[PDB]
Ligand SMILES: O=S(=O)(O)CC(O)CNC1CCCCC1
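Single chain ahead, written as structure tokens, the form solved without this ligand.
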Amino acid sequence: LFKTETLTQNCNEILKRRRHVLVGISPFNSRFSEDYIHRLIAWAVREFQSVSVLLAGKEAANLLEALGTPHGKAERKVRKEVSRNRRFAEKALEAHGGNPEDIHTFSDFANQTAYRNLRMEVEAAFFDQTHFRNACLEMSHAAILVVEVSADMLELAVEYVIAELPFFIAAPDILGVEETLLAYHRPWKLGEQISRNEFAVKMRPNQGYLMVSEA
């Protein structure tokens, strides 16, 4: 009951093998009602050998702060929303035979070698390469989406993009799985640019991007 489109042909090859999908669930996004989460997870468990879930880490507060939410309140709001996201994912995983413990936020690995190494690569590109930095700021703009979005707002919001990107380029390094697709319902423009080798940053050969749409 879901249609799929892959980012590259290599992504499609991973898709065909059905080993693992990493289901992205983002906070304060209206797509992620309890019922949608249940349907999406049911689909994932049916289609793939293994299913894991990715939630927003601490940097989600930056998105709120960029919109004028005081930092203290922003941190509490994120904790509430992410804990809610988790509870829905846990319930859905349990119900369909998945593992409720296979739910991670992008902050859970701050002290892990694999994650840190990927953060370093992304940060180096961000500071070194104007083209990559601009693409990231644009990604962070999308993450925030009448308030006018300012440069200062994006400089705050972009920490979110930097913190999550390791899971978009090499989640298997971090999670220890053989290969995966990050599944999400929006297109990923930065990923399109990454796939055309426009940046120092590369998507790993065992990482794909899967855009899912209700059928």
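Throughout, we count residues from 1 along the sequence that is shown.
Beyond the structure shown, there is the form deposited with this ligand bound, which is absent from this document and is the topic of what follows.
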Which of 47-55, 33-41, 171-179, 64-72 has heavy atoms within 4.5 Å of this ligand in the bound PDB entry?
47-55
Partner proximity in the bound PDB entry: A142 to this ligand, non-hydrogen atom cutoff 4.5 Å
yes
Is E164 close enough to this ligand in the bound PDB entry to count, meaning some heavy atom within 4.5 Å?
yes
Taking 4.5 angstroms as the cut-off for heavy atoms, does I25 touch this ligand in the bound PDB entry?
yes
